[PDB]
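K.L.:
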Amino acid sequence: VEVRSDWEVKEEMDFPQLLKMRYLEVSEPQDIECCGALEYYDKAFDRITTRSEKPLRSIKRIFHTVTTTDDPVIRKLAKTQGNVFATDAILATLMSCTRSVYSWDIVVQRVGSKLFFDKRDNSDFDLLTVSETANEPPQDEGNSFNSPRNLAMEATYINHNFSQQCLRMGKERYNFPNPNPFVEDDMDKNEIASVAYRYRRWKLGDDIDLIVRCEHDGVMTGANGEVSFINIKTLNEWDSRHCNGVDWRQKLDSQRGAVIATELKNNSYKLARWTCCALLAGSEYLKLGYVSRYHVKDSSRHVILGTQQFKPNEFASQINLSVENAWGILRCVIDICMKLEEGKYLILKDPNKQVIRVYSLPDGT
Amino acid sequence: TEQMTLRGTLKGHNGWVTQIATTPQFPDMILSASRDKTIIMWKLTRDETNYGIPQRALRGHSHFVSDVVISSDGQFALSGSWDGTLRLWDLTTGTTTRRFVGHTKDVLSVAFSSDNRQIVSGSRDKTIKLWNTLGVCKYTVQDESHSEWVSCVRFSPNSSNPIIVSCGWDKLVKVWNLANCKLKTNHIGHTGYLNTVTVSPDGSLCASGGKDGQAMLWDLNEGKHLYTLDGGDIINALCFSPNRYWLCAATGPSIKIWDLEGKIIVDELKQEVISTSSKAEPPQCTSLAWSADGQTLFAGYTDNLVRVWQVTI
Amino acid sequence: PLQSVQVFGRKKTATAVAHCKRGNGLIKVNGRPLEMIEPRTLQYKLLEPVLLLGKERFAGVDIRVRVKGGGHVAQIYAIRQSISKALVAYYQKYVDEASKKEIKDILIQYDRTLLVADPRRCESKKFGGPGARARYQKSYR
Amino acid sequence: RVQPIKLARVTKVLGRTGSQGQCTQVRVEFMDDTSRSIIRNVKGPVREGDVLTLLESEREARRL
Amino acid sequence: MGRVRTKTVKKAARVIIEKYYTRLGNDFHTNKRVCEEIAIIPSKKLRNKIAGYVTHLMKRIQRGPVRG
Amino acid sequence: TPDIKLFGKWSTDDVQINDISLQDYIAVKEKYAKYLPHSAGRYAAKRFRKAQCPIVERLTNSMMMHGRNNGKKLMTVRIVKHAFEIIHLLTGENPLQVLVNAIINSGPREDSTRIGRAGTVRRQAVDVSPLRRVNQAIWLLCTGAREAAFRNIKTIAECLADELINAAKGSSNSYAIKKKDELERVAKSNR
RNA sequence: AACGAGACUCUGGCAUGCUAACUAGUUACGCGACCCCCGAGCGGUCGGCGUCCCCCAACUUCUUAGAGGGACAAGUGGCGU
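Protein sequence lines, in the order shown, are assigned to chains m, g, S, d, T and H.
Under the deposited numbering, think of the first position of the first sequence as 162, with each following residue one higher.
Under the deposited numbering, think of the first position of the second sequence as 2, with each following residue one higher.
Under the deposited numbering, think of the first position of the third sequence as 6, with each following residue one higher.
Under the deposited numbering, think of the first position of the fourth sequence as 5, with each following residue one higher.
Under the deposited numbering, think of the first position of the fifth sequence as 1, with each following residue one higher.
Under the deposited numbering, think of the first position of the sixth sequence as 14, with each following residue one higher.
#1: For a test of the three-state rule: what should DSSP assign to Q272(g), helix, strand or coil?
#2: Which word fits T2(g), buried or exposed, when buried means at least 16 other C-beta atoms lie within 10 angstroms of its C-beta?
#3: Taking C-alpha atoms, which residue in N513(m), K505(m) and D511(m) lies nearest to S521(m)?
#4: With a cut-off of 8 Å, does the C-beta of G53(d) fall near any C-beta of chain m?
#5: If you check the beta carbons only, do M76(H) and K85(H) fall under 8 Å apart?
#6: If the criterion is Cβ atoms closer than 8 Å, does the pair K201(H) and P121(H) meet it?
#7: So, is the C-beta of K225(g) closer than 8 Å to a C-beta in chain T?
#8: Which runs of the beta strand (DSSP E) at least 3 residues long sit entirely within the region 250-294 of chain g? Give them in chain order.
#9: Quick one: which residues of the region 37-53 of chain d get their C-beta closer than 9 Å to a C-beta of chain m? List them in chain order.
#10: With DSSP as the reference, identify every bridge partner of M42(g), one or two as the case may be.
#11: Quick check: what's the CA-CA separation for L217(m) versus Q24(d)?
#12: Decide if the region 122-138 of chain H is in contact with the region 45-64 of chain d; the criterion is three or more beta carbon pairs, one per stretch, under 8 Å apart.
#13: Identify, in the order they occur along the chain, each residue of the same chain with its Cβ nearer than 6 Å to the Cβ of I21(g), setting aside the five sequence neighbours on each side.
#14: Start and end of the alpha helix (DSSP H) containing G489(m)?
#15: From the beta carbon of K59(T), is the nearest beta carbon of chain g less than 8 Å away?
#16: Name the one or two DSSP bridge partners that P216(m) has.
#17: What residues of chain T sit near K38(g), judged by a beta carbon separation below 9 Å?
#18: So with CB distances below 7 Å, who are the chain H contacts of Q26(d)?
#19: Could you check if residue 530(m) is buried or exposed, using at least 16 other CB atoms within 10 Å of its CB as the buried criterion?
#20: Give me the DSSP bridge partner(s) of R27(S).
#21: How long is the line joining the alpha carbons of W177(g) and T118(S), rounded to whole angstroms?
#22: Can you tell me whether DSSP reads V102(g) as helix, strand or coil?
#23: What number of angstroms, rounded off, separates the C-alpha of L154(H) from the C-alpha of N481(m)?
#24: Does DSSP put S415(m) in a helix, a strand or coil?
#25: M174(m): buried (16+ other C-beta within 10 angstroms of its C-beta) or exposed?
#26: Counting only beta-carbon separations shorter than 8 Å, does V90(H) have a partner in chain S?
#27: If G418(m) sits next to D37(H), beta carbons under 8 Å apart, how far is it from one beta carbon to the other, in whole angstroms?
#28: Can you check whether the CB of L173(H) is closer than 8 Å to the CB of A158(H)?
#29: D140(H) touches chain m at which residues, Cβ-Cβ below 8 Å?
#30: From the DSSP secondary-structure annotation, give me the bridge partner or partners of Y451(m).
#31: If we ignore side chains and look at the alpha-carbon of each, how far apart do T259(m) and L180(m) end up?
#32: Could you check what DSSP says for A384(m) in three-state terms: helix, strand or coil?
#33: Is the beta carbon of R374(m) closer than 8 Å to that of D232(m)?
#34: I'd like to know whether the C-beta of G193(g) is nearer than 8 Å to at least one C-beta of chain T.
#35: Could you compute how far the alpha carbon of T229(m) sits from the alpha carbon of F278(m)?
#36: According to a CB-to-CB cut-off of less than 7 Å, which residues of the region 453-469 of chain m neighbour chain d?
The structure is reproduced here in structure tokens:
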């Protein structure tokens, strides 16, 4: 994005301001609508060990990362419900804004009494940064493997490939009565991702009704007719020794905790971003996969090293993450936009400073 | 043009592949030996996800299995081992027919005749010896023998006459004719000890190699030194092609496949080039054998794998 | 045609020769059920391979075991170590590689001396102690 | 004191100290600041990469 | 641990490589059996040592020149 | 369940470690869940080798002490099966989560040691390993039940299950949470 | 250059390889006898329980004791001139 000279700032909502604001006693959501289908988990992966390792399959599925206005469910539910609209990834960025180090940007296209939080289709918004919150992140150019871009390419490439490798697409899916509205049912390939899309209810106070997309990635077979919903994400690595990290191959079993502590210093932004999504969903287990480069000079070949299921909420108790804070953040942003008129307003993070703003733009810019 | 693609690689060993052989009766089998003290009989699926699975594993040795060879029927299989004994297998469930008793040291080389009635052995005894299929000694060679270890012996295909090759570490190749058991000739050549020798399918040639790593050519019946070729650092195994006049030479980092008419290298097979240092960055190739189809060839390495290749036009 | 393969296990001089002979189910030890082998608190332990692998691996064999040596405890580990290997050997001989390779990965995961044996036995006492290391008291006055 | 419970992790072990080798010098990374590092004395057997539970980072080690 | 090689090994190891340089491979087992035939080492455990050092020397001799 | 052992009846799933500090020396369920706590007798020949073996087994080991009880590991397992049973009837939980809290609440945060100056006692405050915390916390609570049942009509099983409650919810009626706070009270003074 | 150290001797740990056994066993039947239908069936038979019967049976895994092999810092990654 380019910040123009004719865009009007009202308020600098810096991260010290927003880490104090809060909203208390958020009520239990009720689902507006659930759409899609989920595949079942392979229990064989519970017994993975380092010295009997298994590589990574690259599994391509046709993904949907559709924005708020172009999402037909968010579009039509505007006429029955809500007055703030978003998607799960646009929530997670706003929640975890306080740990950001590089720019993000969302066009809040206010309409009447309502807010469409439209992430752009020419942004790089949903790329997942690697070594971002480090002592000094990679400053390498975009011609290099170990750069901010190529590592985010690497990371985002792998994270959904392993979401489906967890899962048995040749076995029975649980199906919602409403199928996916982002593609037709004349997609008989079953080369859609395992995903279903909860559209859920919240109230932040001040007569606000948030109606936002959330999801799971996989369901795991339980027992006694019960099952365990899971958000799957994947922790990539490129080189240990160029970012003050830990070689997981040497230290996974003994220093299991130190490994996760690495990424509370080097990817702490991404960790709680993933956890925010899991708490937005209400997952039963938060699964992650350990993956690293097969050869540290080859950014294409990777190998699975292990998997570990944590319970997301007791996990949140451990990583010192609380969402009481989080709902005052989103509150404080809505304190700006509601008293303004309709228009494409831009909320972004400054690329060299730690402060977000609300711009008023001449519309269509 | 006839060139090589990397087909696939097999897995199922804890010890270095010592030899591989294949019967032309069943090219869908393939047989292997190794320093995990077992010979593994495979089941070849032609899927490129794998390239084969071990079917059964023949067990019972107290030291390495050096060389292995198939029967002409493919219903028997025979082994030579560094425990000083040989075994005669029944390649249908297991259950050794016979074990051959009598050597004081290792049995390095072994081979199985066309008529299935004569079986030879090279030993660090410094004795070539002949063996009935009943497991007793028709003859023993202890006069005009090698003065050092016996590296490899061969049965020669011929019009009908009995001729067998012998080569030792005394840098000589002796050819023997049965029913007098005399020296047919002595061939002198190669500086450093001899590893291997192999005979043409027509049978009038002996392609020999060793520590020298040079491929000298000899005439079986003319008794003439044809020529010499620089085959690299060391050549551990050799095997002619069944359907061509090529010769495939196994050197450490690469396999060198040579066209003979005219004399030139076709290609050099390179395997995975994975970063390792410094003494043998790839594993040495030690054995190799063609399939009877002549499309595919196999290789023995010291990383416990058998790499496959295929000819592509 | 008769099929019979035998194995043993050891721990601390407790031999347990467990033959796998063709048949169906019915594992025994000393001509008694394994369900009543007598400390009956370690009952889950000798049962562990059978329970974990399923009872459908034990549907082509009658296994009976004879034992000797050791105490009450070490015998339990011996009978477990033998039946684990017995099952394997039956597949190693009459069935293909990929059947038993699978079974090997499962057992050796929670290895607890099922497919291996301790080399540890008692050390020999020397004088000046009641034990091999422990010594009699030393007085200076 | 009135500081809340901190958590900090090992980066490297330095060597053993005390008058019977019972103390261990160690370098630790603050686990919230990746350029901050303090030296500590830690009693128990430690490896590397494990996390401690500091009650303060006012204290700092200099000798046995 | 410990197990630093004595002089009795290092004396004969050098000698055996000088006069039987050709016979050597770089494998343990082959270099063992050669030492067994070109000389007698009166123990078995001693033989397993002298081979291993003969092997370890032969690695370095294929680089620059040794000074021993 | 069919691929991972319970305890003979008690799930090792729905069991968490609620610290990030003390996990990777507390584990019980990664694959380390087994039907019984026992070993073949490998537990230590390296410093790292101690950590791996289960927490439930470690508890059984440190329960048999003081002469007459040594070398009676089977008698010891009787006391542990009753313990979990009593804990479940008495409060109603996954009775392993009780134990995990009881261990984590009993481990010290800071500790003192000795230092020689002027031929007179001076003390210095120092920190403590996670591996030290676990070893200490297992020691302390096992001393409680051993002490109580030395003249009480109550059996050691009853005493031990009571001792894990008062540790799991701090209340200073246990021998552990008392003795924990004594050490830290010293560590404040000389520091 | 020599003595001590080490080397050496004994012992433990690895062999379904080798050698051979009614003063050592196992397996297999031949079995006939006892036992209970305990399971399919009927009690027989098939299966299960030990003992007598065992051979001019088969074998040496278990037991026994001899000859041999195996481990060398050997291979890989760090570190050291």
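Just so you know, even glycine gets a beta-carbon here, dropped at the ideal spot from N, CA and C.
P.N.:
Per the coordinate set shown:
#1: For the purposes of this step, residue 272(g) is identified with residue 271 of the second sequence, where counting begins at 1. It is coil, neither helix nor strand.
#2: For the purposes of this step, residue 2(g) is taken as the residue at position 1 of the second sequence. Exposed: under 16 other Cβ atoms inside 10 Å.
#3: Working through the first sequence from its first residue, we reach residue 521(m) at position 360. Checking every option, the nearest Cα to that of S521(m) belongs to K505(m).
#4: By 1-based counting over the fourth sequence, the position of residue 53(d) is 49. Closer than 8 Å: yes.
#5: Taking the sixth sequence and counting its residues from 1, the one referred to as residue 76(H) is at position 63. Taking the sixth sequence and counting its residues from 1, the one referred to as residue 85(H) is at position 72. Against a cut-off of 8 Å, the Cβ pair of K85(H) and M76(H) comes out as no contact.
#6: Here the question's residue 201(H) lines up with position 188 in the sixth sequence. Here the question's residue 121(H) lines up with position 108 in the sixth sequence. No, Cβ-Cβ distance for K201(H) and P121(H) is not below 8 Å.
#7: Translated into positions along the second sequence, residue 225(g) becomes position 224. With 8 Å as the cut-off, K225(g) does not count as an interface residue toward chain T.
#8: 256-260, 265-270 and 286-291
#9: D37, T38, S39, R51, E52 and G53
#10: Here residue 42(g) corresponds to residue number 41 of the second sequence, with the count starting at 1. Answer is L32(g) and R57(g).
#11: Here the question's residue 217(m) lines up with position 56 in the first sequence. Here the question's residue 24(d) lines up with position 20 in the fourth sequence. Approximately 50 Å between the Cα atoms of the pair.
#12: yes
#13: In the second sequence, the residue the question calls residue 21(g) occupies position 20. Excluding sequence neighbours, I21(g) sits near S33, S288, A290, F299 and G301.
#14: As a first step, residue 489(m) is located in the first sequence; it is residue number 328 there, counting from the start. From DSSP, the alpha helix (DSSP H) with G489(m) extends over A487 to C498.
#15: Position 59 of the fifth sequence, counted from the first residue, corresponds to residue 59(T). By this cut-off, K59(T) is an interface position.
#16: Translated into the one-based positions of the first sequence, residue 216(m) becomes position 55. The partner list for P216(m) (beta bridge, DSSP) reads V464(m).
#17: Your numbering for residue 38(g) matches position 37 in the second sequence. Under the 9 Å cutoff, chain T gives no residues; its nearest Cβ is about 13 Å from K38(g).
#18: Residue 26(d) sits at position 22 when you count from the first residue of the fourth sequence. Ordered by position in chain H, the residues that pass the 7 Å Cβ test against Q26(d) are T126.
#19: Outside the displayed range of chain m (162 to 526) lies residue 530(m), so it cannot be described from this structure.
#20: Locating residue 27(S) in the third sequence gives position 22, where the first residue counts as 1. Partner(s): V66(S).
#21: Here residue 177(g) corresponds to residue number 176 of the second sequence, with the count starting at 1. Here residue 118(S) corresponds to residue number 113 of the third sequence, with the count starting at 1. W177(g) and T118(S): Cα-Cα distance of roughly 55 Å.
#22: Numbered from 1 along the second sequence, position 101 holds the residue referred to as residue 102(g). Note: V102(g) maps to coil in three-state DSSP.
#23: One-based indexing of the sixth sequence puts residue 154(H) at position 141. One-based indexing of the first sequence puts residue 481(m) at position 320. Looking at the two C-alpha atoms, the distance is approximately 28 Å.
#24: As a working note, residue 415(m) is residue 254 in the first sequence. Coil, per DSSP.
#25: Translated into positions along the first sequence, residue 174(m) becomes position 13. Answer is buried; the Cβ neighbour count reaches 16.
#26: Against the sixth sequence, residue 90(H) aligns to sequence position 77. Yes - at least one Cβ of chain S is within 8 Å of the one on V90(H).
#27: One-based indexing of the first sequence puts residue 418(m) at position 257. One-based indexing of the sixth sequence puts residue 37(H) at position 24. So it is a contact: roughly 4 Å between Cβ atoms.
#28: On the sixth sequence, residue 158(H) is found 145 positions in, with the first residue counted as 1. On the sixth sequence, residue 173(H) is found 160 positions in, with the first residue counted as 1. Yes.
#29: Counted from its first residue, the sixth sequence places residue 140(H) at position 127. Simply none; closest approach about 16 Å.
#30: For the purposes of this step, residue 451(m) is identified with residue 290 of the first sequence, where counting begins at 1. The partner list for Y451(m) (beta bridge, DSSP) reads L396(m) and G467(m).
#31: Looking up residue 259(m) in the first sequence gives position 98. Looking up residue 180(m) in the first sequence gives position 19. In a straight line, the C-alpha of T259(m) is about 7 Å away from that of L180(m).
#32: As a working mapping, residue 384(m) is identified with position 223 in the first sequence. The answer is coil: DSSP assigns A384(m) none of H, G, I, E or B.
#33: Residue mapping note: residue 232(m) aligns to position 71 of the first sequence, counting from 1. Residue mapping note: residue 374(m) aligns to position 213 of the first sequence, counting from 1. Contact: yes.
#34: Numbered from its first residue, the second sequence carries residue 193(g) at position 192. Closer than 8 Å: yes.
#35: Against the first sequence, residue 229(m) aligns to sequence position 68. Against the first sequence, residue 278(m) aligns to sequence position 117. So the alpha carbons of these two residues sit roughly 6 Å apart.
#36: none
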